[PDB]
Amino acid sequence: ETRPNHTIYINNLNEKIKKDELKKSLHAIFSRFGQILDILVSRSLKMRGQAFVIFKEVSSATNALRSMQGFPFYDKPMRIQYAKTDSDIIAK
């Protein structure tokens, strides 16, 4: 789960929030500490309430669990965690 290091995985999000509003209301919050490459969100039955954001490299992504970890985001605390594997765009 936690404690490898590739990118962030945010959990326990408000699923009522639509995809577009969520994808941008995180980029505006998660670039205070790094540059964002791509943010990914799905409202499917599994990946709803979860997000996948990747930055420049690894400690361009350690700079996230860094900050938030229970941020009252849309009336529910965040829970961030390092992505177990790596996103298929950084494998190049």
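In case it trips you up, residue 1 is the first one in the sequence shown, and so on. Rigid core: the largest C-alpha set superposing within 1.5 Å between the two forms.
S.K.: I'd like to know which segment deviates more from the shown structure in 6 other deposited structures of this protein: 24-32 or 53-61, using C-alpha RMS over all structures and residues after a core fit.
M.R.: Stretch with the higher C-alpha RMS distance in 6 other deposited structures of this protein: 53-61.
S.K.: Quick check: by Cα RMS after rigid core superposition, does 5-13 or 69-77 differ more from this form in 6 other deposited structures of this protein?
M.R.: Between 5-13 and 69-77, greater C-alpha deviation in 6 other deposited structures of this protein belongs to 5-13.
S.K.: If you average the CA temperature factors over each stretch, which comes out higher, 36-44 or 51-59?
M.R.: Stretch with the higher mean C-alpha B-factor: 51-59.
S.K.: Comparing average C-alpha B factors as deposited, tell me which of 15-23 and 80-88 sits higher.
M.R.: Mean CA B-factor is higher for 80-88.
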